[PDB]
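Structure, as structure tokens:
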Amino acid sequence: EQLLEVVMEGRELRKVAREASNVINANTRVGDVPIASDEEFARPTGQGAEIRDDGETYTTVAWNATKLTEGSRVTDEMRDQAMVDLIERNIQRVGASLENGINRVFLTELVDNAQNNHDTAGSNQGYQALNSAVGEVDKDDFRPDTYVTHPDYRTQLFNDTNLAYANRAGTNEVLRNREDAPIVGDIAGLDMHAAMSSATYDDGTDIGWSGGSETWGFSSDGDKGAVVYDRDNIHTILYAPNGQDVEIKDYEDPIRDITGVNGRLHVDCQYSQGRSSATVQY
Amino acid sequence: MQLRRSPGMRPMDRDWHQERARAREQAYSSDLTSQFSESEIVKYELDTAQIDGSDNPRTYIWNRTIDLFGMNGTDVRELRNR
Amino acid sequence: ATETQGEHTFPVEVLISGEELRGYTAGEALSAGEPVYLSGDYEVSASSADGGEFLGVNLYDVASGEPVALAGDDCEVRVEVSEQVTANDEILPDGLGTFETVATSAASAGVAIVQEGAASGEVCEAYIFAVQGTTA
Amino acid sequence: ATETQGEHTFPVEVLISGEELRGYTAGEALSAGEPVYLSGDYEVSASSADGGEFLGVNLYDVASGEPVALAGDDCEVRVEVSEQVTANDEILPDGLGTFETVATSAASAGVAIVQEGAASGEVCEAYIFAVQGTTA
Amino acid sequence: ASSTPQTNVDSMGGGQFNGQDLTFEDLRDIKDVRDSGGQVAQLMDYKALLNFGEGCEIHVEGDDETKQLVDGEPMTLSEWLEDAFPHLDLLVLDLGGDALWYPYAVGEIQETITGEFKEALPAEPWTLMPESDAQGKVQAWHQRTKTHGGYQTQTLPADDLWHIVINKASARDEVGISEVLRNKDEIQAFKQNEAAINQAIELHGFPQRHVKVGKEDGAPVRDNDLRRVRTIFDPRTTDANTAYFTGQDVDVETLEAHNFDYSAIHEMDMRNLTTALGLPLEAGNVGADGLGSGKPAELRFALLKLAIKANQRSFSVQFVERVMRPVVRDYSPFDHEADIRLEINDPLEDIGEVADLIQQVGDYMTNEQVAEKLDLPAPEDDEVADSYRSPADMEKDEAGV
Ligand SMILES: [K+]
Ligand SMILES: [K+]
Ligand SMILES: [Mg+2]
Ligand SMILES: [Mg+2]
Ligand SMILES: [Mg+2]
Ligand SMILES: [Mg+2]
Ligand SMILES: [Mg+2]
Ligand SMILES: [Mg+2]
Ligand SMILES: [Mg+2]
Ligand SMILES: [Mg+2]
Ligand SMILES: [Mg+2]
């Protein structure tokens, strides 16, 4: 006789920020991105008149990367008697909790600080909403290339007959493979789809976090369910003292027969140009 | 921090499985108080084990007072009609 | 105290942070997260309803006479409150295995301060900063 | 708080000893050595006068909404006082970002004990030994 | 068939490390076993010395046909390689040692300032971990190194490092296994029993004096009173000449040395550990009944020599393929597709058995083959090298006839 030496996994959240934004590996926890002023129009003037100067001017987007941390501690008796490697399992949980943290920092900047909005007002929430939101960014003379999406928005979108009927979509891929269909990442001039999890956005209900301004969702009047944006104009800034990325320490308490694992990373997320982004609203 | 006895950790403990199996194999009834110590009931969460006597081998074993045919120790769940 | 995830109920990890762990003997059966006090020589039992009875919180379920790990003062703990509470509230053992506020109790001073508010019958996060004994 | 050596002024290191250092969100802009209390869920703001509002001292300058490290009630610290203090004086927050004695305050119990005396506006050395919350 | 692997390989991690099958902490744990010294470290050093301590030889098939002017002077590829790697006997022992302790040996190619080849330079294996693709091949190397009070970390491409794996989970395993971590429980069992024995020898290995004072059921003796007795009977001041005089109500009892078989515990630990590390028990300075002679001996030394041969073959191939061929290709006028072999010598040859063989069957071997078996330079004259009868026998005839 031997036990079922297995553990069933819990829910695992979608991790995309590191692909769905410009990642800066910063040399310092605090820093600046220089921004140039917008284009203008040359002045009409008379012959012999002085050329009036109206040169480039500059400003910065500052970053202040905040340390996200997660950890655990177990007695050595528990390590020795565990059904599976508790240190390996806690290392995985710590790594996952930091990556989830990055995705929360990213999505909360992305959703709160987009400078344009398409209010669907119920109604035409499928392809027409994505096209409309591209139109909102296009009116500010940027162009988007990516969209970030809530599960309820995805569900609405894949019910749209324009995508669900193979003749209207040009392929049956959405009907067959749903979000894994290549057209879902090649729609309305956008060349990337970044599927998010529902829990990712900062509601301020989770401990240690103070909420964003919006509601992430797509089921009730006023929810923001997708963001259409320029991937080059949203920055995720990662800082680490001892390398480039997430650092996990495995340690023993010096005196108490306790072992633990602790993870850290510093992260900030900032728009370069918030005008390059539009939310879609229910 | 989580100790070996802490409530969130019990399912990871090899002993928690082994002694719950031991308790199932050793009971005659679901009535824990008559069979197990308060220590055993708390440490191994025996309320939540499906203890009832149905997994004790001795529930099924012949234990006759006069045994002419040398037949004591036979287990009924090994008969051909089972 | 317990958290729900689908079908599943998970016990909460009682001790959030804290260097202050000590072992006593259970004077009675006790359960994880109960406030407790000295009831005999190194013997620990459930706190009654007002001041003068608090040494720490029990970290795991015990029968009577078993060794008990306490989280003492200097620890941050996830504890159930019998009352709605807010950050900066001082809290005190309730006599019911929960805590309640000092403001609700007959006492004038608490043992832990709420860092993260909770509804009645719900898990707050609090920092234990004092112990209380017999002063008469 | 600052120290002079020749022409030069240096920042004072707030923490002398102790390991009870804990993380909160700043509810407002805060400055090194400033006493703070819980203004919300894991959020701290500058302490008002006369007690009931102290969790620890802010260890480095922060803007509003930044994460902040805080020295708790096992730490030994260098802190600025609004009045003359002497060894064995109990002290607590002024409302002015400094500390004053329990003797001058309307409160009856302190949060730190002065280990080295200092004049008004100078830096004393003190050991933080309690926290104070809402008791009503 | 196909030009790309189509079975999957169980290795592409979920995290943002490439799964980190071992982490930098585990690599420091191997380094900590190695630097701790004592009996465990000496056994694993004997393992390195058996596998790689006997040195090496380079062969090329058709080496004579490679004759080419390298720098006005002619060389063969073997001559060029022997000049490219002057101290290969040390390098083979060093890399082979590391590749037994750690999952891999690893290093750089290095150049002179002029850009001619300098050396294959090993890198500290506990500082480096590989990152690998969905078909299991290493794509990048991630390096973490100590600095004052902390760490510096960097990433390097697989393009310009090289690596060698002796112990593998599968023939596809490009990452390998540490024999230390594979046997960490036996190492712990050994070390814990060592400490337990040491403490028991102090408490129980030596008799201790117990003076009992006062009459049984008579007057009680207090601590104050025992201090005066302690002054009289103090071992720190006693000698072989010392005699004692007492009333009837003083008793000098002895706690005997309480015998336990620490020798049997050590021998059991050493049996478990040597067998776990694949060494014969004899390597641990422990003997055994019915195992010292005859077929019982010959088997264990055969098993040892087979293990050594298997490790040597595994190392030789990877050193030629991942180190020598790139160096020939990139810094040499010779063909890198030449049939290079690196042999590593058998540590347990009896030259007397070789000499017996040469006497018995030399009449069927060329003088070159005899020189190879005898570990000598082949004869200068290719005719005498190629011939079967002895060079001394050809000399006496060529002179005498
Ligand atoms: K009451
Ligand atoms: K005042
Ligand atoms: Mg700046
Ligand atoms: Mg002019
Ligand atoms: Mg202008
Ligand atoms: Mg606009
Ligand atoms: Mg499919
Ligand atoms: Mg101290
Ligand atoms: Mg602490
Ligand atoms: Mg303390
Ligand atoms: Mg008497």
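Labeling convention for the structure tokens: chains A, B, ... as they appear, residues from 1 per chain, ligands from 1 in order of appearance.
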Superimpose chain D on chain C so that the squared distances between all in-order C-alpha pairs are minimised, and send the result as a short mmCIF file (atom, residue, chain, number, x, y, z; two decimals) with N, CA and C atoms, in the first residue's frame.
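Saved to superposed34.cif:
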data_model
loop_
_atom_site.label_atom_id
_atom_site.label_comp_id
_atom_site.auth_asym_id
_atom_site.auth_seq_id
_atom_site.Cartn_x
_atom_site.Cartn_y
_atom_site.Cartn_z
N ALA D 1 -11.69 29.21 11.46
CA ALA D 1 -11.69 30.26 10.39
C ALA D 1 -11.39 29.61 9.04
N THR D 2 -12.14 30.01 8.00
CA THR D 2 -12.07 29.35 6.69
C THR D 2 -12.25 30.32 5.51
N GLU D 3 -11.65 29.98 4.37
CA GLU D 3 -11.66 30.76 3.13
C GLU D 3 -12.28 29.93 2.01
N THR D 4 -13.13 30.54 1.15
CA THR D 4 -13.77 29.83 0.06
C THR D 4 -13.14 30.18 -1.29
N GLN D 5 -12.81 29.15 -2.10
CA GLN D 5 -12.38 29.32 -3.49
C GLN D 5 -13.13 28.31 -4.37
N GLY D 6 -14.09 28.78 -5.18
CA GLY D 6 -14.99 27.88 -5.91
C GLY D 6 -15.84 27.03 -4.96
N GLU D 7 -15.89 25.71 -5.21
CA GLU D 7 -16.61 24.78 -4.34
C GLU D 7 -15.93 24.61 -2.97
N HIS D 8 -14.64 24.94 -2.88
CA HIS D 8 -13.79 24.44 -1.82
C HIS D 8 -13.67 25.44 -0.67
N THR D 9 -13.66 24.90 0.56
CA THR D 9 -13.27 25.67 1.73
C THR D 9 -11.89 25.21 2.22
N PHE D 10 -11.05 26.19 2.55
CA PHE D 10 -9.67 26.01 2.97
C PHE D 10 -9.48 26.52 4.40
N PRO D 11 -8.56 25.95 5.20
CA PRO D 11 -8.23 26.53 6.50
C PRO D 11 -7.49 27.85 6.28
N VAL D 12 -7.74 28.83 7.14
CA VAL D 12 -6.99 30.08 7.12
C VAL D 12 -5.68 29.90 7.89
N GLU D 13 -4.55 30.28 7.28
CA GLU D 13 -3.28 30.35 7.99
C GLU D 13 -3.33 31.48 9.03
N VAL D 14 -3.29 31.14 10.33
CA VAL D 14 -3.38 32.13 11.40
C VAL D 14 -2.23 33.15 11.35
N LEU D 15 -0.98 32.70 11.15
CA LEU D 15 0.18 33.59 11.24
C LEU D 15 0.51 34.21 9.88
N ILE D 16 0.47 35.55 9.79
CA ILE D 16 0.86 36.33 8.62
C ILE D 16 2.36 36.65 8.69
N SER D 17 2.84 37.12 9.85
CA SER D 17 4.24 37.46 10.04
C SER D 17 4.61 37.40 11.52
N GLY D 18 5.92 37.37 11.81
CA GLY D 18 6.40 37.32 13.18
C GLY D 18 7.03 35.97 13.51
N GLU D 19 7.91 35.99 14.52
CA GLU D 19 8.67 34.81 14.93
C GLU D 19 8.49 34.51 16.42
N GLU D 20 7.68 35.31 17.12
CA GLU D 20 7.45 35.16 18.56
C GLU D 20 6.40 34.08 18.81
N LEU D 21 6.78 32.82 18.53
CA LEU D 21 5.92 31.65 18.63
C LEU D 21 6.39 30.80 19.81
N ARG D 22 5.51 30.49 20.77
CA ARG D 22 5.93 29.89 22.03
C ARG D 22 5.04 28.72 22.45
N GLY D 23 5.61 27.80 23.24
CA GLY D 23 4.97 26.53 23.56
C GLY D 23 4.42 26.48 24.98
N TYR D 24 3.20 25.94 25.13
CA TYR D 24 2.47 25.79 26.38
C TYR D 24 1.76 24.44 26.38
N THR D 25 1.18 24.03 27.50
CA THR D 25 0.25 22.91 27.52
C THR D 25 -1.17 23.45 27.39
N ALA D 26 -2.01 22.80 26.58
CA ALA D 26 -3.42 23.16 26.51
C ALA D 26 -4.15 22.69 27.78
N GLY D 27 -4.83 23.60 28.49
CA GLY D 27 -5.64 23.27 29.66
C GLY D 27 -7.03 22.72 29.33
N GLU D 28 -7.40 22.74 28.03
CA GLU D 28 -8.68 22.29 27.49
C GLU D 28 -8.53 22.09 25.98
N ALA D 29 -9.54 21.56 25.28
CA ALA D 29 -9.51 21.54 23.82
C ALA D 29 -9.57 22.97 23.25
N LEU D 30 -8.70 23.27 22.26
CA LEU D 30 -8.57 24.59 21.66
C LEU D 30 -8.51 24.48 20.13
N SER D 31 -8.84 25.58 19.45
CA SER D 31 -9.01 25.64 18.00
C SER D 31 -8.17 26.77 17.39
N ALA D 32 -7.69 26.59 16.15
CA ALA D 32 -6.82 27.56 15.50
C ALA D 32 -7.45 28.97 15.44
N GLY D 33 -6.65 29.98 15.82
CA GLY D 33 -7.05 31.38 15.87
C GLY D 33 -7.73 31.80 17.18
N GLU D 34 -7.96 30.86 18.10
CA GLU D 34 -8.60 31.13 19.38
C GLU D 34 -7.66 31.87 20.33
N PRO D 35 -8.10 32.97 20.99
CA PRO D 35 -7.30 33.63 22.02
C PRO D 35 -7.26 32.82 23.32
N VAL D 36 -6.09 32.82 23.96
CA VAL D 36 -5.83 32.02 25.16
C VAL D 36 -5.06 32.83 26.21
N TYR D 37 -5.12 32.37 27.46
CA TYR D 37 -4.45 33.00 28.61
C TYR D 37 -3.91 31.90 29.54
N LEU D 38 -3.01 32.26 30.47
CA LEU D 38 -2.42 31.30 31.39
C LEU D 38 -3.41 30.83 32.46
N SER D 39 -3.79 29.55 32.40
CA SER D 39 -4.67 28.90 33.36
C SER D 39 -3.90 28.13 34.44
N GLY D 40 -2.59 27.92 34.24
CA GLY D 40 -1.72 27.24 35.20
C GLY D 40 -0.26 27.34 34.78
N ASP D 41 0.64 26.66 35.50
CA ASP D 41 2.07 26.73 35.20
C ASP D 41 2.36 26.21 33.79
N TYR D 42 2.81 27.11 32.90
CA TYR D 42 2.96 26.88 31.46
C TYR D 42 1.73 26.23 30.80
N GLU D 43 0.53 26.47 31.35
CA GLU D 43 -0.71 25.93 30.80
C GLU D 43 -1.63 27.07 30.38
N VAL D 44 -2.24 26.96 29.18
CA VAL D 44 -3.12 27.99 28.64
C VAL D 44 -4.51 27.44 28.32
N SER D 45 -5.53 28.29 28.49
CA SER D 45 -6.94 27.99 28.25
C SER D 45 -7.60 29.15 27.51
N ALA D 46 -8.81 28.96 26.97
CA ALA D 46 -9.49 29.99 26.18
C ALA D 46 -9.83 31.22 27.03
N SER D 47 -9.49 32.41 26.51
CA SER D 47 -9.72 33.69 27.17
C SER D 47 -11.20 33.97 27.43
N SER D 48 -11.54 34.48 28.62
CA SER D 48 -12.85 35.07 28.87
C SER D 48 -12.92 36.52 28.35
N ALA D 49 -14.10 37.15 28.46
CA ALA D 49 -14.34 38.52 28.01
C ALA D 49 -13.65 39.58 28.88
N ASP D 50 -13.50 40.80 28.34
CA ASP D 50 -13.24 42.02 29.11
C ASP D 50 -11.89 42.06 29.84
N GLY D 51 -10.85 41.49 29.22
CA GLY D 51 -9.48 41.79 29.60
C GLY D 51 -8.89 40.94 30.74
N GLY D 52 -7.59 41.15 30.99
CA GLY D 52 -6.86 40.47 32.05
C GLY D 52 -6.53 39.00 31.76
N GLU D 53 -6.96 38.51 30.59
CA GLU D 53 -6.80 37.11 30.20
C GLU D 53 -6.41 37.01 28.72
N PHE D 54 -5.16 37.34 28.39
CA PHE D 54 -4.67 37.11 27.05
C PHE D 54 -3.14 36.99 27.04
N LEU D 55 -2.63 35.87 26.50
CA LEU D 55 -1.21 35.70 26.24
C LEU D 55 -0.90 35.65 24.74
N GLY D 56 -1.81 35.08 23.94
CA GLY D 56 -1.63 34.99 22.50
C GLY D 56 -2.79 34.24 21.84
N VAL D 57 -2.62 33.87 20.56
CA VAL D 57 -3.61 33.07 19.84
C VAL D 57 -3.06 31.68 19.53
N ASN D 58 -3.91 30.67 19.69
CA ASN D 58 -3.59 29.28 19.43
C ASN D 58 -3.39 29.06 17.93
N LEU D 59 -2.26 28.46 17.51
CA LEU D 59 -1.90 28.37 16.10
C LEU D 59 -2.48 27.17 15.34
N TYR D 60 -2.87 26.10 16.05
CA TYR D 60 -3.46 24.91 15.45
C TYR D 60 -4.34 24.18 16.46
N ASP D 61 -5.31 23.38 15.99
CA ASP D 61 -6.26 22.70 16.87
C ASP D 61 -5.56 21.67 17.76
N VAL D 62 -5.96 21.60 19.04
CA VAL D 62 -5.38 20.68 20.01
C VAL D 62 -6.45 20.14 20.95
N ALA D 63 -6.23 18.91 21.44
CA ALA D 63 -7.00 18.34 22.54
C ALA D 63 -6.45 18.81 23.89
N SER D 64 -7.23 18.61 24.96
CA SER D 64 -6.80 18.91 26.32
C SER D 64 -5.51 18.15 26.67
N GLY D 65 -4.55 18.84 27.30
CA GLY D 65 -3.30 18.26 27.75
C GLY D 65 -2.23 18.13 26.66
N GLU D 66 -2.56 18.40 25.39
CA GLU D 66 -1.55 18.40 24.34
C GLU D 66 -0.68 19.66 24.40
N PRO D 67 0.60 19.59 23.98
CA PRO D 67 1.41 20.79 23.83
C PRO D 67 0.88 21.62 22.66
N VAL D 68 0.89 22.95 22.84
CA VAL D 68 0.26 23.90 21.94
C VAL D 68 1.24 25.02 21.59
N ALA D 69 1.28 25.42 20.32
CA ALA D 69 2.03 26.60 19.90
C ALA D 69 1.11 27.81 19.83
N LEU D 70 1.65 28.97 20.21
CA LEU D 70 0.90 30.19 20.45
C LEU D 70 1.66 31.35 19.80
N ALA D 71 0.95 32.23 19.08
CA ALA D 71 1.54 33.45 18.54
C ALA D 71 1.45 34.58 19.57
N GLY D 72 2.61 35.14 19.93
CA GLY D 72 2.71 36.19 20.94
C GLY D 72 2.64 37.61 20.38
N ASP D 73 2.88 38.58 21.26
CA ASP D 73 2.63 40.00 21.05
C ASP D 73 3.73 40.72 20.25
N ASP D 74 4.33 40.05 19.26
CA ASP D 74 4.98 40.70 18.13
C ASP D 74 4.45 40.19 16.78
N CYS D 75 3.48 39.28 16.79
CA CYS D 75 2.99 38.62 15.58
C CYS D 75 1.83 39.35 14.92
N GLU D 76 1.71 39.10 13.62
CA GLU D 76 0.68 39.65 12.74
C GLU D 76 -0.18 38.46 12.28
N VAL D 77 -1.50 38.51 12.51
CA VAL D 77 -2.35 37.32 12.49
C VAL D 77 -3.68 37.55 11.78
N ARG D 78 -4.26 36.46 11.24
CA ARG D 78 -5.60 36.41 10.67
C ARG D 78 -6.55 35.84 11.73
N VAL D 79 -7.54 36.61 12.21
CA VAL D 79 -8.39 36.20 13.32
C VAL D 79 -9.86 36.56 13.09
N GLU D 80 -10.77 35.73 13.61
CA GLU D 80 -12.21 35.94 13.45
C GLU D 80 -12.76 36.92 14.49
N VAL D 81 -13.64 37.82 14.05
CA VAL D 81 -14.22 38.86 14.89
C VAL D 81 -15.72 38.65 15.08
N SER D 82 -16.25 38.97 16.28
CA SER D 82 -17.68 38.83 16.56
C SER D 82 -18.52 40.01 16.06
N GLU D 83 -17.88 41.13 15.71
CA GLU D 83 -18.54 42.36 15.28
C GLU D 83 -17.77 42.97 14.10
N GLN D 84 -18.34 43.97 13.41
CA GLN D 84 -17.58 44.68 12.38
C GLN D 84 -16.39 45.42 13.01
N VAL D 85 -15.21 45.29 12.38
CA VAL D 85 -14.00 46.01 12.77
C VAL D 85 -13.41 46.71 11.55
N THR D 86 -12.62 47.75 11.82
CA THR D 86 -12.04 48.62 10.81
C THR D 86 -10.58 48.87 11.16
N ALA D 87 -9.78 49.33 10.18
CA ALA D 87 -8.38 49.64 10.45
C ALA D 87 -8.25 50.63 11.61
N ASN D 88 -7.22 50.42 12.46
CA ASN D 88 -6.96 51.19 13.67
C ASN D 88 -7.90 50.88 14.84
N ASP D 89 -8.85 49.94 14.73
CA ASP D 89 -9.58 49.50 15.92
C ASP D 89 -8.69 48.66 16.83
N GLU D 90 -8.73 48.93 18.14
CA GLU D 90 -8.15 47.99 19.09
C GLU D 90 -9.17 46.91 19.44
N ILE D 91 -8.68 45.67 19.54
CA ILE D 91 -9.51 44.50 19.77
C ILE D 91 -8.90 43.63 20.88
N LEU D 92 -9.77 42.80 21.48
CA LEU D 92 -9.38 41.85 22.51
C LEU D 92 -10.41 40.72 22.58
N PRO D 93 -10.13 39.62 23.33
CA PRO D 93 -10.99 38.43 23.32
C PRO D 93 -12.43 38.66 23.75
N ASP D 94 -13.33 37.91 23.11
CA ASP D 94 -14.77 37.92 23.36
C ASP D 94 -15.25 37.07 24.54
N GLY D 95 -14.49 36.02 24.92
CA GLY D 95 -15.06 34.90 25.65
C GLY D 95 -15.73 33.84 24.77
N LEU D 96 -15.92 34.15 23.47
CA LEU D 96 -16.59 33.30 22.49
C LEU D 96 -15.60 32.63 21.52
N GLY D 97 -14.29 32.73 21.78
CA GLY D 97 -13.27 32.22 20.86
C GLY D 97 -12.90 33.20 19.74
N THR D 98 -13.58 34.36 19.69
CA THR D 98 -13.34 35.42 18.71
C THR D 98 -12.79 36.67 19.40
N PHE D 99 -12.62 37.75 18.61
CA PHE D 99 -12.26 39.06 19.13
C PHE D 99 -13.37 40.09 18.87
N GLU D 100 -13.46 41.07 19.78
CA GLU D 100 -14.29 42.26 19.64
C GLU D 100 -13.48 43.51 19.96
N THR D 101 -14.06 44.68 19.72
CA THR D 101 -13.34 45.91 19.97
C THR D 101 -13.29 46.25 21.46
N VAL D 102 -12.27 47.02 21.82
CA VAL D 102 -12.23 47.71 23.10
C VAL D 102 -13.45 48.63 23.24
N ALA D 103 -13.96 49.16 22.12
CA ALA D 103 -15.13 50.03 22.11
C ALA D 103 -16.40 49.31 22.60
N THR D 104 -16.62 48.03 22.24
CA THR D 104 -17.79 47.29 22.71
C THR D 104 -17.55 46.59 24.05
N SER D 105 -16.31 46.14 24.31
CA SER D 105 -15.92 45.50 25.57
C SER D 105 -16.06 46.45 26.77
N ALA D 106 -16.17 45.87 27.98
CA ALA D 106 -16.09 46.61 29.24
C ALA D 106 -14.64 47.00 29.61
N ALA D 107 -13.64 46.41 28.93
CA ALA D 107 -12.23 46.77 29.08
C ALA D 107 -11.92 48.14 28.47
N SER D 108 -10.72 48.69 28.78
CA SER D 108 -10.30 50.01 28.32
C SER D 108 -9.04 49.99 27.43
N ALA D 109 -8.38 48.83 27.29
CA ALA D 109 -7.20 48.67 26.45
C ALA D 109 -7.21 47.33 25.73
N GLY D 110 -6.75 47.31 24.47
CA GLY D 110 -6.77 46.10 23.66
C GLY D 110 -5.47 45.31 23.73
N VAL D 111 -5.40 44.24 22.93
CA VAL D 111 -4.20 43.42 22.79
C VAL D 111 -3.71 43.37 21.35
N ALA D 112 -4.60 43.66 20.39
CA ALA D 112 -4.23 43.70 18.98
C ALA D 112 -4.89 44.90 18.29
N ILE D 113 -4.24 45.38 17.23
CA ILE D 113 -4.69 46.50 16.42
C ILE D 113 -5.12 45.94 15.06
N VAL D 114 -6.32 46.30 14.60
CA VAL D 114 -6.83 45.82 13.32
C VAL D 114 -6.13 46.56 12.18
N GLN D 115 -5.53 45.80 11.26
CA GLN D 115 -4.83 46.33 10.10
C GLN D 115 -5.69 46.29 8.83
N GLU D 116 -6.61 45.32 8.76
CA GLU D 116 -7.58 45.22 7.67
C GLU D 116 -8.96 44.96 8.26
N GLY D 117 -9.95 45.77 7.86
CA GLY D 117 -11.31 45.66 8.37
C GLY D 117 -12.03 44.38 7.91
N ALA D 118 -13.06 43.98 8.67
CA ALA D 118 -13.85 42.78 8.42
C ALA D 118 -15.25 42.94 9.02
N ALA D 119 -16.25 42.25 8.45
CA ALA D 119 -17.60 42.21 9.01
C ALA D 119 -17.71 41.19 10.16
N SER D 120 -18.83 41.21 10.90
CA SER D 120 -19.09 40.21 11.94
C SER D 120 -19.00 38.79 11.36
N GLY D 121 -18.23 37.92 12.02
CA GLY D 121 -18.04 36.53 11.60
C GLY D 121 -16.99 36.33 10.50
N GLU D 122 -16.43 37.41 9.96
CA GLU D 122 -15.34 37.32 8.98
C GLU D 122 -13.97 37.33 9.67
N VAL D 123 -12.93 37.12 8.87
CA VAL D 123 -11.54 37.12 9.33
C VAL D 123 -10.93 38.49 9.05
N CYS D 124 -10.51 39.19 10.11
CA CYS D 124 -9.70 40.39 9.99
C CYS D 124 -8.21 40.04 9.99
N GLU D 125 -7.37 41.02 9.66
CA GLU D 125 -5.94 40.91 9.89
C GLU D 125 -5.55 41.91 10.97
N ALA D 126 -4.82 41.45 11.99
CA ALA D 126 -4.52 42.25 13.17
C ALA D 126 -3.08 42.01 13.64
N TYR D 127 -2.48 43.00 14.30
CA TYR D 127 -1.15 42.88 14.86
C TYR D 127 -1.27 42.83 16.38
N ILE D 128 -0.79 41.74 16.99
CA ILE D 128 -0.83 41.56 18.43
C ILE D 128 0.33 42.35 19.02
N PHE D 129 0.03 43.22 19.99
CA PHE D 129 1.01 44.16 20.51
C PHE D 129 1.13 44.15 22.04
N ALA D 130 0.19 43.51 22.74
CA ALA D 130 0.25 43.42 24.19
C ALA D 130 -0.26 42.07 24.68
N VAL D 131 0.07 41.76 25.94
CA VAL D 131 -0.53 40.66 26.69
C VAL D 131 -1.19 41.24 27.94
N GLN D 132 -2.19 40.54 28.49
CA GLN D 132 -2.88 40.99 29.68
C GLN D 132 -2.99 39.85 30.68
N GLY D 133 -2.55 40.12 31.92
CA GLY D 133 -2.66 39.19 33.02
C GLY D 133 -3.47 39.75 34.18
N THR D 134 -3.42 39.03 35.31
CA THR D 134 -4.08 39.40 36.54
C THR D 134 -3.35 40.59 37.18
N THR D 135 -4.01 41.76 37.21
CA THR D 135 -3.51 42.92 37.93
C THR D 135 -4.14 43.08 39.32
N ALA D 136 -5.25 42.37 39.56
CA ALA D 136 -6.28 42.75 40.54
C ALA D 136 -6.77 44.20 40.32
#
Subject >> Shell around residue 130 (chain A) at 8 Å using only C-alpha atoms, local window under 2 positions removed, as an MDAnalysis selection string >> reply: chainID A and resid 126:128 132:134 188 228 280
Would you mind exporting the chosen residues as a PDB file, in the first residue's frame, restricted to C-alpha atoms?
ATOM      1  CA  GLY A 126     -18.782  42.616 -30.901  1.00  0.00           C
ATOM      2  CA  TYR A 127     -16.481  43.524 -33.839  1.00  0.00           C
ATOM      3  CA  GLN A 128     -18.218  46.931 -34.179  1.00  0.00           C
ATOM      4  CA  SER A 132     -15.198  51.878 -32.920  1.00  0.00           C
ATOM      5  CA  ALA A 133     -12.478  51.846 -30.219  1.00  0.00           C
ATOM      6  CA  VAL A 134      -9.770  51.809 -32.928  1.00  0.00           C
ATOM      7  CA  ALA A 188      -9.598  45.439 -36.748  1.00  0.00           C
ATOM      8  CA  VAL A 228      -7.531  48.710 -27.504  1.00  0.00           C
ATOM      9  CA  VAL A 280     -14.555  49.576 -24.491  1.00  0.00           C
TER      10      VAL A 280
END
Subject >> Selection within 9 Å of ligand 4 by only C-alpha atoms and all ligand atoms, output as a ChimeraX atom specification >> reply: /A:49-52
**OP:** Please determine the contact residues of chain B with respect to chain A at a cut-off of 12 Å, counting only C-alpha atoms, and supply them as a PyMOL selection string.
**Re:** chain B and resi 1-6+8-22
Original post:
Which chains and residue numbers are within 12 Å of ligand 11, counting only C-alpha atoms and all ligand atoms, if I want them as number ranges by chain?
Top reply: E: 214-221
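Counting only C-alpha atoms, the residue from A:112, A:180, A:99, A:152 that sits nearest to chain E is A:99.
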**OP:** Determine which residues of chain B DSSP labels as helix (DSSP H, G or I) from the backbone of this structure, then write them out as a PyMOL selection string.
**Re:** chain B and resi 10-12+14-26+32-34+38-43+57-59+76-78
**OP:** Name each residue within 12 Å of ligand 5, counting only C-alpha atoms and all ligand atoms, as number ranges by chain.
**Re:** A: 36-43, 52-58
**OP:** May I have the residues within 12 Å of residue 65 (chain E) as a count of residues only, using only C-alpha atoms and disregarding those fewer than 5 positions away in the same chain?
**Re:** 10
Subject >> Residue neighbourhood residue 35 (chain B), 12 Å, only C-alpha atoms, exclusion window fewer than 3 positions, as a PyMOL selection string >> reply: chain B and resi 23-24+26-32+38-41+46+51-53
Subject >> Shell of 6 Å around ligand 3 (only C-alpha atoms and all ligand atoms), written as JSON, numbers by chain >> reply: {"A": [31, 32, 62]}
Write a file of the just-selected residues containing C-alpha atoms, as a PDB file, in the first residue's frame.
ATOM      1  CA  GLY A  31      13.644  56.798 -13.247  1.00  0.00           C
ATOM      2  CA  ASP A  32      12.300  58.808 -16.193  1.00  0.00           C
ATOM      3  CA  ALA A  62       8.486  59.031 -14.184  1.00  0.00           C
TER       4      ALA A  62
END
